[PDB]
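One structure is given here, and the rest of the page talks about it.
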Amino acid sequence: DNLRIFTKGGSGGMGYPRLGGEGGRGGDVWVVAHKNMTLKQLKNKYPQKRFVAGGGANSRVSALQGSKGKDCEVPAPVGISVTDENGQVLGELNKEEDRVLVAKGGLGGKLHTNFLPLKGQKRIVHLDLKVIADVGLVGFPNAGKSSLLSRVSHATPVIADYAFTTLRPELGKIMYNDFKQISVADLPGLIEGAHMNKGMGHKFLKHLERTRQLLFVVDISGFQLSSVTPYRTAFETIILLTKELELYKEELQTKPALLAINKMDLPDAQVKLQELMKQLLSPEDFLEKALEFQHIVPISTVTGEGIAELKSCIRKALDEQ
RNA sequence: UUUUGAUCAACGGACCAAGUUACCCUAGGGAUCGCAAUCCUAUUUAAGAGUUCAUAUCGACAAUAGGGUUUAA
Ligand SMILES: Nc1nc2c(ncn2[C@@H]2O[C@H](COP(=O)(O)OP(=O)(O)NP(=O)(O)O)[C@@H](O)[C@H]2O)c(=O)[nH]1
Ligand SMILES: [Mg+2]
Ligand SMILES: [Mg+2]
Ligand SMILES: [Mg+2]
Ligand SMILES: [Mg+2]
Ligand SMILES: [Mg+2]
């Protein structure tokens, strides 16, 4: 849902000398909102990504003025954010019936002025519909987010046995007895830092920006997880999780977030729970500023223990804001 | 006792005569492609730059098809 498109403005019609007058302005490119299903159409159908607008009509005998040209339109999903090639946000078609002048039609060719014709503007426009979920799930690889989403919903999420798996976020809506549906999306496990875009990087991290709230899975196996070389403590992971989010965007840290303990079934994990209870809250032997929302609940996937309790806490936060 | 006379130029030249008709009439006949000169475009060129985990090409200059313009009552 993060495609890209190129467009070209129509050319200006050439003027008719001997009092004929101005030529028509070139056609303009307006990205037009349509049914949200159109997103698949744009990226997949019409593989050629160049969209061109009709050039302005040339002046005709009897000193007819230009026809102003023929505009071209690009269907887009609702809620999409229109951004420039450099990443500048031109606009977002948040609601339907929303058109944006992404490209400018060529200035109408006027014989009296300096320029007889003028060519239409052309540019690369990035179009992305980063998942605007009610809340987002953020965790390290092998955290269990896919397993956690598997139990709450029936989305058959891909289970990441190894790191760098489940690259594409999977949107799952959680039903409640109150008949309220809350969308939860599971992204792939993130690496430490990633401010330099190491490994996976923060390219997929743009999706969380849209999400109103963040869900932090805390794998107890994560505590001192090998991570290949060094072994990282869970307390360290939380600090790094907060630190890396702040580096990518300050607002991300300020946004509401929740904590989700995972893999507490193991008796050794239960011993760690007291370590998790000890870590944070009371000052620890620290090894940037970090933020603790305190919305942490002890649960285990696979065994499906305590899952129902967490659901209530998530709903309370959503209802609050 | 030898000669001269025309924008008679409608130029084989009436000495000297314009409009108008739906108010009309008669006799009839009828019908009932080229060059150039720039400028746009489209396809094939690509000189170039390019490019970067549901992520890119555009495009000099040409070639070719169209549409204009200057170029001839
Ligand atoms: N003991 C235990 N094992 C679990 C639990 N949750 C997941 N696992 C195991 O850990 C494996 C790793 O996959 P998992 O962490 O679920 O995938 P993911 O959450 O999508 N990983 P990623 O963080 O990269 O997105 C699973 O296939 C499963 O065998 C849990 O609560 N307890
Ligand atoms: Mg005559
Ligand atoms: Mg004669
Ligand atoms: Mg003769
Ligand atoms: Mg009358
Ligand atoms: Mg009368």
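Note: ideal-geometry Cβ built from the backbone for every residue, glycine included; neighbour counts use all protein chains shown. Read the figures in this text as sums done on the coordinates, not as results from a lab.
Can you confirm whether the range A:8-15 contains a residue that is part of a strand (DSSP E or B), hydroxyl-bearing (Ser, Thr, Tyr), over 30 Å from residue A:211 (Cα atoms) and away from ligand 1 (no atom under 16 Å from the Cβ)? Reasoning before the result, please.
Applying the first criterion (part of a strand (DSSP E or B)) to the range A:8-15 yields A:8.
Of the ones still in play, those that are also hydroxyl-bearing (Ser, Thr, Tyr) are none.
No, the range A:8-15 contains no residue that is part of a strand (DSSP E or B), hydroxyl-bearing (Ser, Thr, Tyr), over 30 Å from residue A:211 (Cα atoms) and away from ligand 1 (no atom under 16 Å from the Cβ).
In this structure, does residue A:203 turn out to be within 16 Å of RNA strand B (Cβ to nearest atom) and either outside any loop (DSSP other than H, G, I, E, B) or at negative phi (or both)? Spell out the reasoning first.
Working: within 16 Å of RNA strand B (Cβ to nearest atom): yes; either outside any loop (DSSP other than H, G, I, E, B) or at negative phi (or both): yes.
Yes; evaluated as a whole, the condition is true for this residue.
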Does the range A:65-77 contain any residue that is near RNA strand B (Cβ under 9 Å from one of its atoms), closer than 29 Å to residue A:168 by Cβ and surrounded by fewer than 18 Cβ atoms within 10 Å (Cβ to Cβ)? no
Can you work out which of the residues in the range A:81-124 that are over 16 Å from the mean Cα position of the chain (by Cα), of a type in the set (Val, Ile, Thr) and more than 11 Å from RNA strand B (Cβ to nearest atom) is farthest from residue A:171 (Cα to Cα)? A:113
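Going by what's in this entry, would residue A:267 be described as out of contact with any strand residue (DSSP E or B) (no Cβ under 8 Å at 6 or more places or on another chain), within 13 Å of ligand 1 (Cβ to nearest atom) and over 22 Å from residue A:153 (Cβ atoms)? Break it down stepwise before answering.
Details: out of contact with any strand residue (DSSP E or B) (no Cβ under 8 Å at 6 or more places or on another chain): yes; within 13 Å of ligand 1 (Cβ to nearest atom): yes; over 22 Å from residue A:153 (Cβ atoms): yes.
Yes, satisfied.
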Does the range A:32-46 include one or more residues that are within 17 Å of the chain's Cα centre (by Cα), at positive phi and either part of a loop (DSSP other than H, G, I, E, B) or within 16 Å of ligand 1 (Cβ to nearest atom) (or both)? no
Determine the pairs where a residue that is under 25 Å from residue A:128 (Cα atoms), located within the range A:3-21, has a partner that is within 8 Å of RNA strand B (Cβ to nearest atom) and of a type in the set (S, T, N, Q) with Cβ atoms under 9 Å apart, the partner being 6 or more residues away or on another chain. none
For the range A:128-148, how many residues are under 19 Å from residue A:181 (Cα atoms) and within 16 Å of RNA strand B (Cβ to nearest atom)? 4
So, residue A:170, is that one within 11 Å of ligand 1 (Cβ to nearest atom), acidic (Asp, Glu) and under 24 Å from residue A:81 (Cβ atoms) or not? yes
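Can you work out which of the residues in the range A:294-312 that are of a type in the set (A, V, I, L, M, F, W, C) and surrounded by 15 or more Cβ atoms within 10 Å (Cβ to Cβ) is nearest to residue A:251 (Cα to Cα)? First the steps, then the outcome.
Residues of the range A:294-312 of a type in the set (A, V, I, L, M, F, W, C): A:296-297, A:299, A:302, A:307-308, A:310.
Within this subset, residues satisfying the condition of being surrounded by 15 or more Cβ atoms within 10 Å (Cβ to Cβ) are A:296-297, A:299, A:307, A:310.
On the way: A:296: 21, A:297: 24, A:299: 28, A:307: 29, A:310: 25 Å.
Residue satisfying both the conditions and the ranking: A:296.
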